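Chemist: Structural data only, the sequence is not supplied:
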């Protein structure tokens, strides 16, 4: 048995991805490849995580939460 959590990501991975999102809310192919070369991942998975990062951002930029 094992199952530490429901995440496909890792600490270090998420750290860099978070720094990188703090650096830029978008990344192009070449950059994403660089991240994948530095981090050992796939442009897809990274794009999805990145997508989710700003997904929550645009759903948490003082816009959600209708008290009236």
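Modeler: Right, received. Where do you want to start? Residues are numbered from 1 along each chain as shown.

Chemist: alpha carbons only for contacts and neighbour counts from here, please
Modeler: Noted.

Chemist: how about the helices of the chain, start to end?
Modeler: Here the chain has its helices, by DSSP state H, at 11-23, 29-39, 43-60.

Chemist: Now render those as TSV, adding mean neighbour count and distance to residue 4.
Modeler: Listed next are those as TSV, based on neighbours: other CA atoms under 10 Å; distance: least, CA to CA, whole Å:
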stretch	mean neighbour count	distance to residue 4
helix 11-23	13	13
helix 29-39	14	21
helix 43-60	14	19
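
Chemist: Name the nearest residue to residue 25, ignoring sequence neighbours.
Modeler: residue 54 (6.7 Å; CA to CA, 6 or more residues apart in numbering).

Chemist: Can you tell me how far that neighbour is from residue 21?
Modeler: Separation of residue 54 from residue 21 (CA to CA, to the nearest Å) stands at 8 Å.

Chemist: Same check on residue 65?
Modeler: Between residue 65 and residue 21 the computed distance is 24 Å (CA to CA).

Chemist: Now do the same contact list for residue 39.
Modeler: The neighbours of residue 39, taking CA atoms under 8 Å, 6 or more residues apart in numbering as the test, are residue 13.

Chemist: Contact partners for residue 45?
Modeler: Residue 45 neighbours (CA under 8 Å, 6+ apart): none.

Chemist: quick one: it from residue 56, how far?
Modeler: Separation of residue 45 from residue 56 (CA to CA) stands at 17 Å.

Chemist: So the residue nearest to residue 25 sits against residue 22, correct?
Modeler: No: look at residue 54 against residue 22 with CA atoms under 8 Å: they stay out of range, at 10.3 Å.

Chemist: Find the residues that touch each one of these two.
Modeler: Counting by CA under 8 Å, 6+ apart, nothing touches both residue 54 and residue 22.
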